[PDB]
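S.K.: pasting an experimental structure, sequence included:
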Amino acid sequence: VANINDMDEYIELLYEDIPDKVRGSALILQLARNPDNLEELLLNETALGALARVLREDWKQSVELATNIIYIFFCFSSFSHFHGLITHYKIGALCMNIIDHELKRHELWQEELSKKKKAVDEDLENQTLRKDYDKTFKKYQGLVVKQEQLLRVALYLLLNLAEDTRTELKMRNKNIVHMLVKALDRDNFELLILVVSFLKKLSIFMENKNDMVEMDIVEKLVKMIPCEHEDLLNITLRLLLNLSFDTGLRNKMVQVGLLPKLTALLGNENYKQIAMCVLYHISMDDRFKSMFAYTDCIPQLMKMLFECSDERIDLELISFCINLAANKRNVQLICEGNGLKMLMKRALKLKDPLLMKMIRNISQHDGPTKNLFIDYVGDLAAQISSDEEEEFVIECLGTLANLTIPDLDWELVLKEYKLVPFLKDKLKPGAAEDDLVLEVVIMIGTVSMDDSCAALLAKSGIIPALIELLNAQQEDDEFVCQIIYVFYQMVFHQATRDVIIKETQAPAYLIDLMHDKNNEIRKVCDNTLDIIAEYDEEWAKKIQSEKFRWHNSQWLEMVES
Amino acid sequence: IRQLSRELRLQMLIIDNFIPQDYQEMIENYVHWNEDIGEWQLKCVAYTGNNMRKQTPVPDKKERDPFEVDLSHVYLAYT
Amino acid sequence: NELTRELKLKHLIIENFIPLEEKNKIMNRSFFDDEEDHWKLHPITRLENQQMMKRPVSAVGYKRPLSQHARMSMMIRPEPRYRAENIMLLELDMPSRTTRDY
C-alpha cells in the first residue's frame, strides 16, 4: 500500500499489538518484494530481528502472520549471499516445524471429515448429516487453501536453502523426505511441482533415496503420472528416472502398473526421451522384457525406428530396442508382416552398428524368425569382407554365425564372397582383436554344418590355425569351448575327419582337457571324442588309457609316495 | 555254471570296455588273495576313484550371473 | 571255486576303478548273441547325430560367447562394441539452480 522507503514507525507497531502484527508484516512485505530496497532493508537493524522474534512464538495462532516467515525471507532467499543471514536467525528450522504441524493438522481434519461421513444411513438435511457436514466441509476448504499457500512458500525457502550441501544434510537429518512424501497426497499443482522438484533434487543421494524407499513413493507417483499439467509430468518423470537406478524401486514400478502408462507417454509427446529412458532401465531385467509384448505397444517402437531419418539412430531408442530384441516373445512382435525386412534394408543402406546389434539379437532365437534370415546371408556376407570398419563387420559376422539352419547352402556363399581366406587370416596371432577372432571361430563352426563345404575346409588349412589359436588361448574358456565345438561340427563329414584324426594333433589336445573345470568344455570334448572312438582304433585306446589314469590318478601316484 | 559263465563274460566285457591291458595287468600285480577272511586285498583300496568321488561334495553354491546390472554406484554420499 | 574267485576279483576291481555312469552305459550298450554265444557292442555316432548338439550359449555364463578381452574392456571402456545389451550408461538428473545473483 502507501509504504515509503523509510522503515521506522512500522516495526514499532510490529511488537505492540496482535491485530496490527499482520499490517506491519504486509507493509514490510510490499518493500521486500522490490529488490532495489532489499539492501536498505538488509542494513536495517532491529527490523529483521523483530520479524524473527514475532515469527518464533506467534505462528501457532496466525497463519496470515505466518506469511512474514516467507515472502520476506523468501525474497531474501532468492539470492545466495543473503542465505547466511537467513541461517543466522534459524528461519529454516522454523519452516520444518511449521510444515510438520500443518501436515499433522491436515491429517486430523481428514480424520474428522471421514468420521463425519459415516451417518449416510438416513438423510435428514439437519444435525444428523448433510447440512452440517456441508458447513464443516466449506470450513475445511477455507482453511486448507490458506495452509497450502504457506506450505508452498515455506518449501520454496527450504529448496533455495538446499543449494548448499551442508544445509541439505541438516534438512535430511530432520526427516524432510517424510514431509515431502506426505505432502504428495495433496491436490495442488504448484505445491506438487515444488515437492516433486525437491524430491528430485534430494534423490541423487543414497540416503535420501533410501528414505523414500521405505516411505513408498512410487505408489504416490502413479497417481500423478497421467496428469493434465505439463511441468508436473516432466518433473515426475525426471524423479522416476532418478529412482529407476534402484532395483527395488524398479521392481515396484512394474507392480504398480507403470509400464502401460509410460508407453502411452511414448506415443507422441514431449516425454519420449525420459519415458524411453525409464523403460530402458526397466527392461534391463529379464523377466520384465516379456511384458512389453503383453499389450504394451512396441509396434509404435518400430515406427519410431523406421521414420527417424539420420545417419545414426538415437542411442536411447536403439538401446531400448536392442534390450527388447533379447526376448523371443518380443522378437515375434518385431518380425511381424515386414519388420525384419525393413530393419535389414535400413541397416544395409546406412551402416549402423547398433541396428546390426538389434538384428543379431533377433537372430539369436530359434523359431521361424531364424528361417526369415535366408534372404540376407549374401547381404551380410558382402559386408563381412573387411570394408566397413570393425564395429559393423563384427555384427554382420555375429548375425551370420547365428544362422544355424540345417539345410542352408554355405558353399556358394563362401565361393562368391571368397570369405574363406579372410576367416583364415583372422586366425593369425596378431591379425585382429579377440572378439573378432572368436566370432570367426563361430563362423567356421556354423559353416562346417554343410557337407559340401567340408572339402573346402580341408584344403584351406583352417584346422592347424585353430589348433595354434587353441594353444595360444588356452587360458580362455570361451575360446577353447568354441574351437572344440568347431571340431565337433567338422568330425562327421568324412573329409575334415581325416585331417582332424590322421593329420593333426587335435585329439591329443582333446584328451588333455577332457576333465576340465568347465561343464560346457567337458561336454563338448566328450561328445567330440565319441565320434573319434570308431574312426580310429588307436585314438580309442588313448581315450581309454587316459581318463582311466586320470580317474584314478591318486591311486597311481601312491606308489611314488 | 552256465549263468555264472554268462555274468563273468559280462564282467570281462566291462573291464575290457574301460580298463586297458597294461593297467589290467598292473592291477593284477597289485592285488592279493587272503584266506583268513577269504577276499582280494587291494593295496591302497581306499584311494580309488569311486571312494574319492564319494569323499568330494562336488555340489556347491554357485552365485548370481556375474553380469548383473547394479546402478547404485551413481548415487552420491554426503561429505 | 577258482572261477567264483576270479569273479569276485573282477567285481572288486570294477567297484574300485570303473565309474558308475560308464558302467550302466556299457550295460545298456551290451547285447548277448546266442549264435556266436558272446557279448557284442553298438557304435555311438551312428546311434546319435540325429539330435546333433546345439552350440553352447556361453562358457562364461553370458547370453552369447564373450572373450576375456571383451570382459576387461567392458569394465573400463564404455564402448557398446563389447556388450550384447545394456549399451547405454545413463546418469542422474542433477538439480537446477533456483537462486539468482543480482
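M.R.: Perfect, thanks for sending it. Numbers count the residues shown, from 1 in each chain, chains lettered A, B, ... in the order given.
S.K.: so who does residue 100 touch?
M.R.: Let's take chain A. With contacts defined as Cβ atoms under 8 Å, 6 or more residues apart in numbering or on different chains, residue A:100 is in contact with residue A:179. C-beta here means a position set from N, CA and C on the backbone, and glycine is covered the same way.
S.K.: you looked at the wrong chain, it should be chain C
M.R.: Contact analysis of residue C:100 by Cβ under 8 Å, 6+ apart lists A:78-80.
S.K.: ranking these by neighbours, who comes first?
M.R.: For the contacts of residue C:100, the largest neighbour count, defined by other Cβ atoms under 10 Å in any protein chain shown, is 18 neighbours, found at residue A:78.
S.K.: for that residue, which residues are in contact?
M.R.: Each residue near residue A:78 by Cβ under 8 Å, 6+ apart is listed here: A:160, C:98-100.
S.K.: dump those to JSON lines, plus distance to residue A:381 and secondary structure.
M.R.: Formatted as JSON lines, those follow (distance: Cβ to Cβ, whole Å; DSSP: H, G, I helix; E, B strand; the rest coil):
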{"residue": "A:160", "distance to residue A:381": "63", "secondary structure": "helix"}
{"residue": "C:98", "distance to residue A:381": "58", "secondary structure": "coil"}
{"residue": "C:99", "distance to residue A:381": "61", "secondary structure": "coil"}
{"residue": "C:100", "distance to residue A:381": "62", "secondary structure": "strand"}
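S.K.: for residue C:32, which three-state class applies?
M.R.: strand (DSSP: H, G, I helix; E, B strand; the rest coil).
S.K.: Three-state assignment for the nearest residue to it once chain neighbours are set aside, please.
M.R.: Once flanking residues are discounted, residue C:32 sits nearest to residue C:39: 5.4 Å by Cβ to Cβ, 6 or more residues apart in numbering or on different chains. Taking three-state DSSP as the rule, one finds residue C:39 in the strand state.
S.K.: try the one 4 residues further on
M.R.: Each residue gets one of three states, and residue C:43 gets coil by three-state DSSP.
S.K.: buried sites along the host helix or strand of residue A:105?
M.R.: Per DSSP states H and E, residue A:105 falls inside helix A:91-115. Applying a neighbour-count criterion of 16 or more other Cβ atoms under 10 Å in any protein chain shown, one finds A:91-92, A:94-96, A:98-100, A:102-103, A:106, A:109 buried in helix A:91-115.
S.K.: mind giving me JSON lines with those and columns for distance to residue B:64?
M.R.: Shown next, in JSON lines, are the buried residues of helix A:91-115 (distance: Cβ to Cβ, whole Å):
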{"residue": "A:91", "distance to residue B:64": "50"}
{"residue": "A:92", "distance to residue B:64": "44"}
{"residue": "A:94", "distance to residue B:64": "49"}
{"residue": "A:95", "distance to residue B:64": "45"}
{"residue": "A:96", "distance to residue B:64": "42"}
{"residue": "A:98", "distance to residue B:64": "47"}
{"residue": "A:99", "distance to residue B:64": "42"}
{"residue": "A:100", "distance to residue B:64": "42"}
{"residue": "A:102", "distance to residue B:64": "46"}
{"residue": "A:103", "distance to residue B:64": "41"}
{"residue": "A:106", "distance to residue B:64": "45"}
{"residue": "A:109", "distance to residue B:64": "49"}
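S.K.: and which of the residues you listed is nearest chain B?
M.R.: Using Cβ to the nearest Cβ, residue A:92 comes nearest to chain B of the buried residues of helix A:91-115, at 17.3 Å.
S.K.: the closest one and residue A:86 touch, don't they?
M.R.: Yes. Using Cβ atoms under 8 Å, residue A:92 is in contact with residue A:86, at 6.8 Å.
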